[PDB]
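Everything in the sequence shown is counted per PDB author numbering, starting at 1 for the first residue and increasing by one. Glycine is no exception: its CB is placed at the ideal position from the N, C-alpha and C atoms.
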Amino acid sequence: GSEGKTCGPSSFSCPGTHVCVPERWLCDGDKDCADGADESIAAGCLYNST
Ligand SMILES: [Ca+2]
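Below, the structure is given as C-alpha cells:
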C-alpha cells in the first residue's frame, strides 16, 4: 500500500542524486540520502536548540 508515502507533499531530494524523501522522513534518523543530506542542514533541518 503506502498511500502518499514516497515523495509526499513535502518531498525532499537528496543531493548528488534524484532520491525523494517525505518531510516525515526528513531528519528522522534513517539516512535515506547517500550522504544523509535529509538528516543534515542540506535538507533544511536547522531548527534544533538543545
Ligand atoms: Ca532521513
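beta-carbon residue i near ligand 1 non-hydrogen atom, thresh 7 Å
i, result
"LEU46", "no"
"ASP30", "yes"
"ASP35", "no"
"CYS20", "no"
"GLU39", "yes"
"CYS7", "no"
Beta bridge counterpart(s) of residue i as assigned by DSSP
i, result
"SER40", "The partner list for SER40 (beta bridge, DSSP) is empty, contrary to what the question assumes."
"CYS14", "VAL19"
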